[PDB]
Amino acid sequence: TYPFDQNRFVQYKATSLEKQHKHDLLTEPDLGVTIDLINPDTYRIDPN
Amino acid sequence: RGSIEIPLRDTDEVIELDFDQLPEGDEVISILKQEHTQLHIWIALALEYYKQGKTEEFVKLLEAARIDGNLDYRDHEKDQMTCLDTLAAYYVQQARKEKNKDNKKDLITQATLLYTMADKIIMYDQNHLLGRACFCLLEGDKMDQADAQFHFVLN
């Protein structure tokens, strides 16, 4: 048999498999907005 | 704005509180309630505190405005349900900006109990269903229920 190195370590690296991943944005589960009908004290629907 | 009016009992429409300075909210409860002032002013200065960049004294001074639903007001219980839906929405909102020390439930309890008194007088407000629908997203369940109560809002 061949005396293979135990490849317990990454030096290639997997960075081709890594930066291909586009990372989710899940900071706030309702998508980063406070959902409120009271804090719209203002409205652009008025003129103009 | 930066100073709106606080009406008196006798020779009303005379005194003002300028909001550029920050008075303590508890003495505000006093200087309002020795004057038997209408509940609307409590909402108005709550909005003043909120536009002053305050979310916590804003939400706790209104707890002192939960006592005076119809004190001398001649059926301003519509004004009390408007008061109480603000706490039913902003307790659960301030629970989402939770800190390292308290629990989410440390505000959800007060939100849920006060919502029960909010539904004693009035049912299916445009914010009643919001409070329980946004209550659902916190726990990851009753999610289609939350969507249904939001669609109850559109109908």
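So basically every Cβ, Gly included, is an ideal-geometry build from the backbone, and we count neighbours across all protein chains shown. Just so you know, all these numbers are worked out from the coordinates, no wet-lab data involved.
This model, with +1 at the C-beta of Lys and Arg and -1 at the C-beta of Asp and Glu, gives the protein assembly as shown a dipole about its Cα centre of some 1240 debye.
Shape class of the range B:28-92 from the Cα gyration tensor (axes a ≥ b ≥ c, square roots of the eigenvalues): oblate, since a/c reaches 1.5 or more and a/b does not exceed b/c. Inter-chain neighbour count for B:89-95: the average number of beta-carbon atoms from partner chains within 10 Å of each residue's beta-carbon is 2.
Report, in listed order, any pair from B:54/B:105; B:60/B:99; B:33/B:105 with a Cα-Cα distance greater than 26 Å. B:33/B:105, as the Cα separations exceed 26 Å there.
Among B:40, A:23, B:76, the ranking by other beta carbons within 10 Å of each residue's beta carbon, starting with the fewest, stands as A:23, B:40, B:76. Taking a ≥ b ≥ c as the square roots of the eigenvalues of the Cα gyration tensor of chain A, is the shape rounded (a/c under 1.5), prolate (a/b larger than b/c) or oblate? Prolate, since a/c reaches 1.5 and a/b exceeds b/c. Sorting A:30-38, B:122-130 by their mean Cβ neighbour count within 10 Å, with the most densely packed peptide first, gives B:122-130, A:30-38. Under the rule a/c < 1.5 gives rounded, and otherwise a/b versus b/c splits prolate from oblate, where does the protein assembly as shown land using the Cα gyration tensor? Since a/c reaches 1.5 and a/b is larger than b/c, the shape of the protein assembly as shown is classed as prolate. Measuring how big the range B:6-66 is from its alpha-carbon positions, Rg and Dmax come out at 11.0, 33 Å. For the residues of A:23-36, the average number of beta carbons from a partner chain within 10 Å of their own beta carbon is 2. Mean per-residue shielding of peptide B:132-141 is 1, counting Cβ atoms of other chains within 10 Å of each Cβ.
Listed by chain and number, the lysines whose C-alpha is less than 30 Å from the C-alpha of residue A:13, apart from same-chain residues fewer than 8 away, are A:22.
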